[PDB]
Ligand SMILES: Cc1cc2nc3c(=O)[nH]c(=O)nc-3n(C[C@H](O)[C@H](O)[C@H](O)COP(=O)(O)O)c2cc1C
Ligand SMILES: CC(C)CCC[C@@H](C)[C@H]1CC[C@H]2[C@@H]3CC=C4C[C@@H](O)CC[C@]4(C)[C@H]3CC[C@]12C
Ligand SMILES: CCCCCCC(C)(C)c1ccc([C@@H]2C[C@H](O)CC[C@H]2CCCO)c(O)c1
C-alpha cells in the first residue's frame, strides 16, 4: 500500500497542457464516433448488405474509452481525486475494458483482411456473418472479464504484493498479463498487415524469363533488345544463355517465359547446340500452362524458315501452352529488323502493379500503432521490472494522450474510407 499523492506527478502548467489534449482529442473522438454510429444506423435502414461490425465495434470502444478515460484522468491529475481501492479500480476497469475492446476490434478487422489475402477462395467459407458476430461478442466479454479481475481480488492490496509505480492499487502480475494479451494481439495486427504489404510487392513487378541459345550471337542481339523493351515496361527480366541453365523447374515463379532458339543444321532441320540440352529437359521444367512466347533467327534462303521456333511451339502446345502470340522469325541480321523485333516485343507484351492507395492506408496504420502503443507500453514494461523516476511518470502522462489521438484518427482511417458508409452519409441530404 502507497499514497494517492505519489501518482499525481503534474504541476499547474503540466495540468493545463494535459486538460487541453484530453478535452480536444476527447471531444473530437466522442463526436467523430457518434457520427459514424449515426451513419451506420441510417445505412442499415436502406441497404442491409454492408457488415459494419469491425467499424461499429471500434466506434463503441473508442467513444466509451474516451468518455471514461478523459473524465477519470482529468479528475485524478487536475482535481486530485483520492478514491477508494475498489472505486478507483472501477473507473480503471472502465478504460481497461474499453481500450482492450478497441485494440481487439482492430485485431478481428486484421484477421479478416489476412484471411482474404492468404486464402481468398477459402475466405468466404471461413469468414462468415454468424462466425464474425460471435467473434465481437466474445471479444467484448473477454475484454470486460480481464478488466473485472482487480475489483474481485487480483490487486496489489488484497494479494500482498509489489504495487504498480504508475497504476494505483494494481498488482505487477496483472500488468504483465494485460501488456501480454494487448502486445500479443497488437503484434498480430502488425504481422497481418506486413504479410499483405509483402504479397502486394511481389506482384508490383511482372517477372520475365528470356532464355536463348545462339551461335553467332544473332539470337543474343535479338533477346538483348527483346529484354530491353520488357525491362523498359517495368519487368523483372532475367535473360539466360541456354548453355548455363537448370532443368529443375527453370520457369518457376515467372509470369512471361520467352524461348529464343536459332535454326541450324545444313542437311536437316536442327536446333542450336546450347538450346539442345534445354529442349529435351522441357518435361523436368514447369511451363505448366505458362505464358510462353517464341522467337529466333534463321534465313529466307534456307528451306525450313525458323523451323526451330516451330519445333519448340509444337512441343510447348502439346504441354501447357498459353502461346501469347505467333513466334518471331527474323533473318540473318536483326540489325535492320530492329523495328520488327521491338514491334513484335510490343504486341507480345500487348497481349497478357499494386493498389498503392489501399497499401498506403496499411502503412499509416502501423506508423500510427508504433507511435501510440510502442512508447506507452514501453513505460508499462519498465514498471514491471523494477522502479521508475518522476520523469518516467510525467512522460507516461503525455504518452497517455498518444492513444487518445489514436481514438481520434481511427474514424478517419477505417469508417471515412468506407465507400459503403461514404454513400450512406451522402444519402441524408435532399435531392
Ligand atoms: C550451317 C547452317 C545451317 C542453317 N540452317 C538453317 C535452317 O535450317 N533454317 C533456317 O531458317 N536458317 C538456317 N540457318 C541460318 C541461321 O539461322 C542464321 O545463321 C542465324 O542468323 C544464326 O543466328 P544465331 O547467331 O542466333 O545462331 C543456318 C545457318 C547455318 C550456318
Ligand atoms: C463500459 C464498458 C467498458 C463495458 C461495455 C459494456 C457494454 C456497453 C457492451 C458489452 C456487450 C457489448 C456489445 C458486444 C458486441 C457488439 C458487436 C460489435 O460488432 C458492435 C458493438 C456490440 C453491439 C457491443 C456494444 C457494447 C456492449 C453492449
Ligand atoms: C493493466 C491496466 C492497464 C491500464 C491501461 C493503460 C491506460 C493507457 C489506459 C491508462 C490507464 C490509466 C492511466 C492513469 C494512470 C494514473 O497513474 C492514474 C490515473 C489513470 C487514469 C484513470 C483511469 O480510470 C493512464 O495514464 C493510462
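Note that the numbers count up from 1, one per residue, in the order the chain is shown.
So how was this one determined? The header says X-ray crystallography, 3.3 Å.
For all residues, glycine too, the Cβ spot is worked out from N, Cα and C.
Annotation comment: Swiss-Prot describes 75-86 (among others) as topological domain 'Extracellular', evidence class experimental evidence.
Taken from Swiss-Prot, the feature topological domain 'Cytoplasmic' covers 112-131. For the topological domain 'Cytoplasmic' (112-131), the DSSP counts in helix, strand and coil order read 14 helix, 0 strand, 6 coil.
As annotated by Swiss-Prot, topological domain 'Extracellular' applies to 383-394 (among others), with the evidence given as experimental evidence. Long-range contacts of the topological domain 'Extracellular' (383-394) within the same chain: residues 7, 9-10, 14, 164-167, 172, 175-176, 179, each at least 6 residues beyond the stretch ends and with a Cβ under 8 Å from a Cβ of the stretch.
The transmembrane segment annotation in Swiss-Prot covers 16-41 (among others). Within its own chain, the transmembrane segment (16-41) is flanked in space by residues 10, 52, 55-56, 58-60, 62-63, 66-67, 69-70, 73-74, 77-78, 397-398, 401, 404-405, 407-408, 410-412, 415, 421, 424-425, 428, which lie at least six positions past its ends and keep a Cβ under 8 Å from the stretch.
Distant neighbours of the transmembrane segment (54-74): 18-19, 22-23, 25-26, 29-30, 32-34, 36-37, 40, 91-92, 94-95, 98-99, 101-102, 105-106, 108-109, 112, 136, 139-140, 400, 404, 407, 410-411, 414-415, 418, 421; these residues of the same chain sit at least 6 beyond its ends, with a Cβ under 8 Å from one of its Cβ atoms. Among the features that Swiss-Prot reports, transmembrane segment is placed at 54-74 (among others), with the record citing experimental evidence.
Marked as transmembrane segment by Swiss-Prot: 132-154 (among others). Beyond the ends of the transmembrane segment (132-154), by six or more residues, the same chain brings 51, 53-54, 57, 86, 89-90, 92-94, 96-97, 100-101, 104-105, 107-108, 112, 169-171, 173-174, 177-178, 181 to within a C-beta distance below 8 angstroms of the stretch.
Taken from Swiss-Prot, the feature transmembrane segment covers 362-382 (among others), and the record attributes it to experimental evidence.
Beyond its flanks by at least six residues, the transmembrane segment (395-416) meets 9-10, 14, 18, 21-22, 25-26, 28-29, 32-33, 35-36, 39, 54-55, 58-59, 62, 65-66, 69-70, 73, 77, 99, 102, 109, 166, 361, 364-365, 368-369, 371-373, 375-376, 379-380, 422 of its own chain at Cβ-Cβ distances under 8 Å. Annotation comment: Swiss-Prot describes 395-416 (among others) as transmembrane segment, evidence class experimental evidence.
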Counts by DSSP class (helix H/G/I, strand E/B, coil) across the topological domain 'Extracellular' (383-394)
7 helix, 0 strand, 5 coil
Between residue 352 and residue 353 the deposited chain skips 4 residues, and the Cα-to-Cα distance in Å rounds to 13
The topological domain 'Extracellular' (75-86): which same-chain residues, six or more beyond its ends, come within Cβ distance under 8 Å?
4-5, 7-8, 10, 15, 18-19, 151, 155, 157, 169, 397
